[PDB]
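First comes the structure, then the notes that go with it.
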Amino acid sequence: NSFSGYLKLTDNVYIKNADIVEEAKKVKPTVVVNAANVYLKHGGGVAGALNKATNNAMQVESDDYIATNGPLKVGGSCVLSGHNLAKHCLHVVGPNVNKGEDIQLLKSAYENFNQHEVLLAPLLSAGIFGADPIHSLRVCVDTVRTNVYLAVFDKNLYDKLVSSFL
Ligand SMILES: COc1ccc([C@@H](Cc2nnn[nH]2)NC(=O)c2ncnc3[nH]ccc23)cc1
């Protein structure tokens with residue numbers, strides 16, 4: 001968990017303009033969060049990038065988890081191997097608001113972060129899931145009580161977040 005170049009927004013929320021895959025390779029955190037869907041199919045976005053960095057080992061493990069346990073619920077999570085990126089990967093499902101899943105479930109999604117003392121994570125329900133990313137950071141700040149290090153890929157979004165926050 002040797003994080004560098006973060007800006008402290010609150011007592012427990014830190015932010016950096018970084019690619020989460022590169023941060024995971026430098027820091028080797030105990031937990032990296034994946035922005036997953038309920039069937040753990042890592043087709044694009046953060047999930048596709050983390051899976052590609054494991055050379056599809058995350059997808060093969062995820063398929064075995066789904067065959068044995070069934071899909072996750074929206075707002076839910078599971079802990080699987082972090083492979084070469086982290087000790088563990090916490091796969092978290094935020095609501096896809098573009099598909100009618102309630103925005104209220106973004107709070108439930110961030111509550112899964114509280115099981116882990118320190119996490120490297122992306123913003124949840126952003127990208128194709130359609131939530132406003134600044135709203136997602138607000139929910140993160142209001143819900144997560146453990147130490148979260150957020151990696152925001154787009155510099156334009158990073159600047160809007162830092163301006164809206166501290
Ligand atoms: C479907 O859920 C999503 C959640 C978040 C996301 C977005 C939110 C975002 N948009 N501009 N910066 N951040 N984040 C990433 O895609 C992302 N973030 C950090 N490192 C990365 N490496 C490769 C991809 C990537 C998309 C989709």
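Positions are given from 1, in the same order as the sequence printed here. Atoms within a ligand are numbered from 1 in the order they appear, just like the ligands themselves.
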Check side-chain contact (heavy atoms from CB on, under 4.5 Å) between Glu61 and all other residues, then give those that pass, not counting sequence neighbours.
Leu80, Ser81, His83

Residues which pass side-chain contact (heavy atoms from CB on, under 4.5 Å) with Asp132, listed by chain and number, not counting sequence neighbours
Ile134, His135

Between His88 and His116, ring centroids under 6.0 Å:
no

Pairing of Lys41 and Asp63 as salt bridge, 4.0 angstrom limit:
yes

For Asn17 and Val152, indicate whether the former's side chain and the latter's backbone hold a donor-acceptor pair under 3.5 Å.
yes

Got a sec, which residues hit salt bridge (charged side-chain N to carboxylate O under 4.0 Å, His left out) with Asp64, two or more places apart in sequence or on another chain?
none

Starting from the N and O atoms of ligand 1, find every protein N or O within less than 3.5 Å and list the pair with its distance.
from     : atom 1 : to     : atom 2 : distance (Å)
ligand 1 : 12 (N) : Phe153 : N      : 3.3
ligand 1 : 12 (N) : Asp154 : N      : 3.2
ligand 1 : 20 (N) : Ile20  : N      : 2.9
ligand 1 : 22 (N) : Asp19  : OD1    : 2.8

